[PDB]
Each structure stands twice: as C-alpha cells, then as structure tokens.
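Q: Shown below is the structure under consideration.
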Amino acid sequence: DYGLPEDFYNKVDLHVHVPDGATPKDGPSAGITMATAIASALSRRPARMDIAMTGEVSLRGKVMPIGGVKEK
Amino acid sequence: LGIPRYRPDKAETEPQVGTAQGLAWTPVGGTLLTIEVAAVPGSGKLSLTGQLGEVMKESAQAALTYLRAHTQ
C-alpha cells in the first residue's frame, strides 16, 4: 500500500527518537504520530507538517480514542 | 612578562585524529570543549566517560544514526 518492500521488520532497523524521555501525557497519546513518522521514513516520502496529529494505534489498524481532545 | 602561557594563534597547533574544538559558554568565561572520542574494535556499544548527561548521550546516538545512513 505504501510502496514498502516485502520484508522490513528484519532488513532495516528503526532508530526512533522522541523529544520527551518520559510520558508527557500518560500512555501513547501520539500513536499515529509514530505511525506517520515511521511510514514516511520507511517509504522515503515526506510527512506534511502544518497538519498536526494525535491518537492511539491498535494492531488491527484502528485509531482508538484519546483523552483531552480539548488540550490537543 | 616571560613565557607566553598560550599560543599566539590557535591556527598553529596541529590537526588531530579524535579532536573537535567545541564551543560553550561556561559562566566563568567562554571556552572550547575539546571533546575527545576514541574508537576501539570490540563488542560494539557506546562507552560514556567524562560525566555525560542524558542529552549528551542522545546527541552521540544521533550522530551515529546519521553516520549510519551514509557510511561508504
């Protein structure tokens, strides 16, 4: 779907970096943030800033709700 | 006065193998942090001497991560 190669769980590493060491908001409040980041960096296609994101990811590919929508 | 305690111009010392003349602002006057890194064949990991902080290690990791993208 995203032009990725067939095997990329073994063939390529993923050095991930987050500007906050601990949980700024408890639990993954930026699951789809990493979804977008990893998809962009593995398909070698850029990621559109000026369009923020937030959510949670579940392995079926479903964006579960997040608390504090007002604060996001 | 006697003997010059410091080099007249810093452009006269040598180019060194593991030397990078950093820059910093110590509250007692600015000075260049001569960060010295030595590479030794072995297990493969980051030995962390000289009283690093968290961010200093993260910067070393970031430098290695970029250098891994382009090695040849």
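Within each chain, counting starts at residue 1; across the structure tokens, chains are named A, B, ... in the order shown, with ligands numbered 1 upward in that order.
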DSSP on the backbone, strand (DSSP E or B) only: what residues of chain B does that give? Format it as a PyMOL selection string.

A: chain B and resi 19-21+24-26+29-31+34-36

Q: Write out as a list in words the residues lying within 10 Å of segment 56-71 of chain A, counting only C-alpha atoms and excluding same-chain residues fewer than 4 positions away.

A: residues 25, 27, 28, 29, 30, 31, 32, 33, 34 and 35 of chain A

Q: Create the file for the chosen residues now, containing C-alpha atoms and written as a PDB file, in the first residue's frame.

A:
ATOM      1  CA  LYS A  25       0.782  12.614  28.586  1.00  0.00           C
ATOM      2  CA  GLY A  27       0.013   6.340  27.619  1.00  0.00           C
ATOM      3  CA  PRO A  28       0.669   6.744  23.913  1.00  0.00           C
ATOM      4  CA  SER A  29      -1.177   9.935  23.028  1.00  0.00           C
ATOM      5  CA  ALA A  30       0.831  10.119  19.800  1.00  0.00           C
ATOM      6  CA  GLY A  31       0.485   6.614  18.414  1.00  0.00           C
ATOM      7  CA  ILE A  32      -0.486   7.786  14.940  1.00  0.00           C
ATOM      8  CA  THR A  33       2.313  10.337  15.217  1.00  0.00           C
ATOM      9  CA  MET A  34       4.753   7.432  15.137  1.00  0.00           C
ATOM     10  CA  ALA A  35       2.585   5.697  12.556  1.00  0.00           C
TER      11      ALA A  35
END

Q: One decimal, Å: what's the distance from atom CA of residue 19 of chain B over to atom CA of residue 36 of chain B, could you say?

A: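 Between atom CA of residue 19 of chain B and atom CA of residue 36 of chain B the gap works out to 5.3 Å.
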
Q: For chain A, which residue among B:72, B:27, B:33, B:63 is the nearest when counting only C-alpha atoms?

A: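 Under the stated criterion, the closest residue is B:63.
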
Q: Can I get the residues of chain A within 10 Å of chain B, each with the closest pair of atoms and their distance in Å to one decimal, using only C-alpha atoms, sorted chain first then ascending number, as CSV?

A:
residue,atom,partner,partner_atom,distance
A:14,CA,B:65,CA,9.7
A:15,CA,B:65,CA,7.1
A:16,CA,B:65,CA,9.8
A:17,CA,B:62,CA,8.6
A:21,CA,B:54,CA,9.5

Q: One decimal, in Å: what's the spacing between atom CA of residue 51 of chain A and atom CA of residue 8 of chain A?

A: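 For atom CA of residue 51 of chain A relative to atom CA of residue 8 of chain A, the distance reads 27.1 Å.
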
Q: DSSP on the backbone: which residues in chain B end up as helix (DSSP H, G or I)? Give the answer as number ranges by chain.

A: B: 10-12, 54-69

Q: If we count only C-alpha atoms, what is near residue 12 of chain A at a cut-off of 12 Å, once residues fewer than 4 positions away on the same chain are taken out, given as an MDAnalysis selection string?

A: (chainID A and resid 4:8 38 41:43) or (chainID B and resid 68:69)
